[PDB]
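A quick write-up on the structure given underneath.
Numbering (the entry's author numbering), first residue to last: 1 to 684, 693 to 1712, 1724 to 1808.
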């Protein structure tokens, strides 16, 4: 109780805590303005709560509210204080969290009441992190509010520390909100300034030159042809000339012009000017007279040093000092007094005079010094190295060549002018002199790479874009980048492998590169932007141009460092390198696409016959820009070959319309490719018919191509789905009618001529503007939307919300006026929907008030503020659109939300186009047509002939069995859920251009290609299904006069495609196209009509026809539409939606998945598999579809590490050896227990040897088959051990089996002797030397141990199969296979000496083998259970208590009785594990088993006979309950693979065929090579050994365990849903009159399978009651149709449920009759029962609301959700009479 003043940012901030306060009877006064000391906001206030408040309270307000002001700060105090806590916490890597504290006189330092921490994931963005922090702090304020008003929380002071930030501190980071934490940290690390350690150099260039000369005086400095000089002579000459220059008057920062050629005197004069104190200005004598005059006039140089040949080029403007005059050189060879400084100029160079006038770049000494100090240790320039002065001295190229080598002791070499251009002579000179390391420009290096050089060791290139690295030398290639204004180069990269775009490299020492947008803000890693250079590389600026210097060399307003603009578009790579993308002024619009020509260069140079490529943009008289490609080649390549080569990876608008063959590109003085000295030439089946000329003109007006040809494919000339429609529109301006599909079947002008010369079919019927009526009709789409909206009244699943971001200079009132004008313009924004009877009617309102909202939020507060505004709409009120403007701290978010019935895609485009037109002050013409006319026309068209022909296609296609796709989902909810999330996948522009080019070349679109990829992906996830089905969204614009109207026109189409894996990818593309063309031909059919024409019922937890949606959007029309972002409020309309968008020349694929079906890991793995499939199909066009795989290598390794890979070495000693050892060790220990016989180890060994010696004597070799048909007794074990010691394998035969099976086994195997008991000798018919087991004969007197002749590869026992097919075969198992399983079970389950083992199962199965040979290793005792106590549970339970058994192997069919006959009576002991193999263990028996015996462990085991008894184990914990009871990971030395029909690994969730491999695999089938080869097939996953195909269908889990589904030979396809018969078994225990049951899928005559639930009961139950009991929870496609009565299910030998031995109303009251009559009038059935299901008699969503309309016609409001819950008239009756209230009034006078 109290009155709380809630101060915050805006009105709706933190609605959770406000509602929590209002629920606790507390009044909340929301305010956002500044609170005055004496106002109405402070009078009568008990508490004050602040949540990101934008103001500061006064001192008196805090004084009058001590301990009453509670502040909420989403940060871990004292860290991150002020503004933007989460952002600076993620950036500065501080411990994050949330805090709820008090407010003192100081800000953000009060006593902390509550303080908690929070963790931020790496994949979460800053916005998601801020949302999570706000949610956590709101939950904390909700949870700890009753602890503050009650004084429970004890305030504590804060700690001294933390950080502090302000408001503008984030101005440098306004474009980093949509980035993740990992990307933000990477950007922080790769852009952090280095530590204060790089000390600057306080020395110039001449000082370092003198220091180097003093070290290596006699070393040769510069060489010129035949003459060379040393460092000493060069230094002396430079000193003399500098003395002579200083005698004239050379002062610091003064300019001295130099016009000399490449020789010694040039470098001499350069060094002299450097030592004298001035800066040398190089002027190339080869320059034209105009450029030389300009460089002489602009430069303030009064002294010129030139020869007598180039003297007249000076025109006598400066003091000429000839460098050949002896009087022009002094005599003092000593060095000049150093009077220079590092900030003084060293050289002044001019740029190119192309773009404007030449600019005098001023470079200081420290710039060059740093460049040389970086260039020397980086490449290791030794004094023995040689360089070349290749580039002219008027560029930085010569500087790097001269100074770089000159500052390390190298020897420069002057390249001859006769051998400069001729690269052959240059290579010869380099091989002669031994040049190691020098710089060459881009073109020169790319042309020199063809030369065979053997002396080069380091060749550096730069200036232009490097695209060729293939060379003929052993030297390293280095790419350099750097403008003239930033001292030669700034970044260097070492080329080591081919790249599609060669990066420029990392910056040098004391140099940094920034990627900034147009607003001087930082850009994330991977985003293009303008390049900025900072550091020591920057010079002084431009000569005599201070304005341009300040315009270029700028000062950042945020940081303050002096940066330089390079005007180049670059991008930051994640590895630290920088990728050059081109210039910012080269971006040209080529046929509606702003692209860069440079990107076309690496795709044209890939041709083997082309060396150099230059793509440029030229302008024609029409004003359009076209592309021209100049290529260097020895021979001219035709235009068609180049077009075909470029159309493989690039789209049509990226192919140059002209190609020019050149011998060599003209290079300038610096070596760059002259883009202005290129030659431009023009050129040299043409139509003839008037109609052909008209079609060519129309294609020219649409596609924007000046010349169109006849055989020119529309898709090969830049045509998408949009323009085609426009094309049709243009045709409808001439009178020709063309459909959407026909253009895809007639792509050439010849086929268009063939089509337009047959029939007319031109229905020139205008939309026919309707008159002013009171009520207008509605379309079927609007009818469907109204039906869906009235189903869930407060639903926002069909609310379309768009957001735009405008700058702070845009007025909100203007936006409001534009939106009001748009509402008053279109009638759709002024329409209401009503229900007059059973019809949905539309009413027009002439005026509607727009609900415009204006709020003041923040950048990080947008998602929650928009979600708070997403509220359901009322279709009976106008308008149906809400608009709001949220003013953040740097931009304004304009959001608008409408209903899907009024706004779709093209309507959104039109709205964006009109909004941009209104915001630009433009007059729009009134609309001509309305939605009402289209509705009338479409309602009247439903009775025409075209509608019948279009609906006949859907009636014929959707009449048979439809393929039911199955996605790897979790447990589907019982109802239709809509909660979902969205992931994003990015296809880079390269693969996008590749896909588009492939589609255009093979006569396809990108839409059809993506559709085929999605279909192949769904097929692969559906175990390579032949047919798939999925929904798509088209245009729906049926009438031509509807391309400029507002309203929902889109229609959904259920495409049913066929995928043939045996064919190639191109064949599947063609099949998908041929299946999509007729579907798009009949696209104008309502989805409700398609559902009704399917003749298929619909009532479940799945969609009607499809669960996968596929949508695609190309390029937007206007720029405002590109700025519109669609906001999703966590609503998934289907199970999985794939929305492709063509954005930023790349593809954005939105995966809209459901949360109850997919989490985050599964959807990420699915996106990865889709990416892998796309990458496989983009390169494997001719490859087969079955060769493609989904599961990537990472997921395979993860599954192999989590499931398989269990190599554990086990001893190879046979069981016979261990038995002999433990018998000779402990002879007096009990080994066998049989009623009163307690045979030890010694007596057993002797009795076994007495028979083994006789078997060896009567001829028994290894690998022989000895039959044994003895029952459970000591003699059986003795005979088994004797046969094992003899060498042969024992074959168990059931004595109670008929003679036919025994004779068949004897005929199939071929044994040599049969061992049997005394009553079982006659049954063997006395075959071939039979021996009695009970007789005293056939027992030798020798009791010694026979030699261990057997090997681990011999057969241990033979196990015939159960004979499910009819012909059983014996399985051959080796000793190693059994021994490995035994050792694995002993390691997982220790059977020590005090422990025991029971022999329960019959010896005619592999399960009994583990009991027989399990007590061997562990010195245990086996209790041979009597055969009479096999089915008696009491005797087994008593023997377990008596003998004290620890390990027991049970059957999932005998465990139920074994537990029911106990019910927890007496207590047992020593019992540990309970092994259960054979069938699937249920889940409703584990808790009962643990309640009966809470001192045992449950182990679900699985393994066929051919896999050596068991193969997989799973320990069911006592505290864990698993719904699907899995089989667990494989045992040690086991490998279980879930493969598919094509030999491909299945992912998580997708069911596949299980196979087992390992060293414990059986040999094969006895005397059956065909079946062995069929069941044991070699798999490519295991290069050696072999893998057994179990023939079962199972699936994995999230952890790695396998869930046994069922046998592959038994498919479950009931009607159209694939649900196993395991969920029906859950209602068995819930019932009382039925004991045990079973459900078996049966077949009839027509093939339609029908269920038949066999159950056991005391009496026969009514079929109607049995169906009513199952109808409560299970639907109709799961209830069996037949029910029979059985006393007890027949069991087999093992004790399992034999699946092959089984025998083959009226209404009362008034409301009931009313609902029955209503259903009879709507559904169309005469007699309506009181318990009949709504969906049972053809009840669709359409008729579901027809019932509600009929009810409302009788004044009854019924919700469709209530009908979905109560479909029975017996569950709808108690909800109708509750809407009648009799109210009367008084009347008396």
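Every residue gets a Cβ at the ideal spot worked out from N, C-alpha and C, and that includes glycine.
Can you name, in chain order, every residue of its own chain whose Cβ lies under 6 Å from the Cβ of residue 993, other than the five neighbours on each side?
1157, 1175
Could you tell me the boundaries of the alpha helix (DSSP H) in which residue 708 lies?
698-711
Per DSSP, residue 903 forms a beta bridge with which residues?
811, 892
Pull up the distance between the alpha-carbon of residue 11 and that of residue 63, whole angstroms please.
26 Å
Kindly indicate which three-state DSSP category residue 1118 falls into: helix, strand or coil?
strand
Just tell me which of 1444, 1390, 26, 1450 has its CA closest to the CA of residue 1423.
1390
Does residue 356 pass the burial test, meaning 16 or more other C-beta atoms within 10 Å, or should it be called exposed?
An exposed status is given to residue 356, since fewer than 16 other beta-carbon atoms sit within 10 Å of its beta-carbon.
Tell me the residue span of the alpha helix (DSSP H) that contains residue 63.
In this chain, the alpha helix (DSSP H) harbouring residue 63 covers 59-63.
In this structure, does DSSP put residue 1654 in helix, strand or coil?
coil
Please name the residue or residues paired with residue 413 in a DSSP beta bridge.
Looking at the DSSP output, residue 413 shares a beta bridge with 223.
Assuming residue 627 is part of the alpha helix (DSSP H), what are its boundary residues?
Not the alpha helix (DSSP H): residue 627 falls in the beta strand (DSSP E), residues 625-632.
Give the straight-line distance between the Cα atoms of residue 1243 and residue 1456, rounded to the nearest whole angstrom.
18 Å
Considering just the uninterrupted stretch of the beta strand (DSSP E) at residue 828, what are its terminal residues?
Not the beta strand (DSSP E): residue 828 falls in the alpha helix (DSSP H), residues 820-833.
Measure the C-alpha to C-alpha separation of residue 458 and residue 441 and round it to an integer number of angstroms.
Taking the straight line joining both Cα atoms gives about 14 Å.
Please report the distance separating the alpha-carbon of residue 568 from that of residue 325.
Taking C-alpha positions only, residue 568 is separated from residue 325 by approximately 47 Å.
With a Cβ-Cβ cutoff of 8 Å, do residue 1715 and residue 1734 count as a contact?
Position 1712 is followed directly by 1724 in the chain, which means residue 1715 is not present among the coordinates.
Taking the alpha-carbon positions, what's the residue 278 to residue 189 distance?
42 Å
Measuring only the C-alpha atoms, how far is residue 1582 from residue 966?
38 Å
Classify residue 89 as buried or exposed, calling it buried when 16 or more other Cβ atoms lie within 10 Å of its own Cβ.
buried
Quick one, which of 1392, 1451, 1413, 1407 has its alpha-carbon nearest residue 1425's?
1392
Put residue 159 into one of helix, strand or coil per three-state DSSP.
The answer is coil: DSSP assigns residue 159 none of H, G, I, E or B.
Using a Cβ distance threshold of 8 Å, determine whether the segment 228-243 contacts the segment 164-182, with at least three qualifying pairs required.
no
Using C-beta distances below 6 Å, list every residue in its chain close to residue 1044, excluding the 5 sequence neighbours before and after it, in chain order.
1057, 1058, 1059
Taking residue 478 and residue 460 to be in contact with their CB atoms under 8 Å, please state how far apart those CB atoms are, rounded to whole angstroms.
4 Å
Whole angstroms is fine: what's the gap from residue 735's alpha carbon to residue 706's?
7 Å
Can you tell me whether residue 1469 is buried or exposed? The criterion is at least 16 other CB atoms within 10 Å of its CB, across all chains shown.
Exposed: under 16 other Cβ atoms inside 10 Å.
By alpha-carbon positions, which one of 1271, 1415, 728, 1318 ends up nearest to residue 1377?
1318
Is the distance from the Cβ of residue 1092 to the Cβ of residue 958 below 8 Å?
yes
With residue 389 as the anchor, note down where its alpha helix (DSSP H) starts and where it stops.
It is not in any alpha helix (DSSP H) - residue 389 carries neither H nor E in the DSSP assignment.
Only counting runs of 4 or more residues, tell me where the alpha helix (DSSP H) segments fall wholly within the segment 1243-1330, in order along the chain.
1249-1265, 1282-1294, 1307-1316
Looking at the unbroken alpha helix (DSSP H) that takes in residue 364, where does it start and where does it end?
Careful: residue 364 lies outside any alpha helix (DSSP H), inside the beta strand (DSSP E) at 360-364.
Can you give me the C-alpha to C-alpha distance between residue 448 and residue 469, rounded to a whole angstrom?
11 Å
Output the boundary residues of the beta strand (DSSP E) element that contains residue 1600.
1595-1603
Can you tell me the Cα-Cα spacing of residue 1752 and residue 1104, whole angstroms?
16 Å
For residue 780, which residues from the same chain have a beta carbon less than 6 Å from its beta carbon, with the 5 sequence-adjacent residues on both sides left out?
Residues of the same chain with their beta carbon placed closer than 6 Å to that of residue 780 are lacking, with the five preceding and five following residues left out of the count.
So, for residue 1090: in the same chain, excluding its five sequence neighbours on each side, which residues have a beta-carbon less than 6 Å away from its beta-carbon?
958, 961
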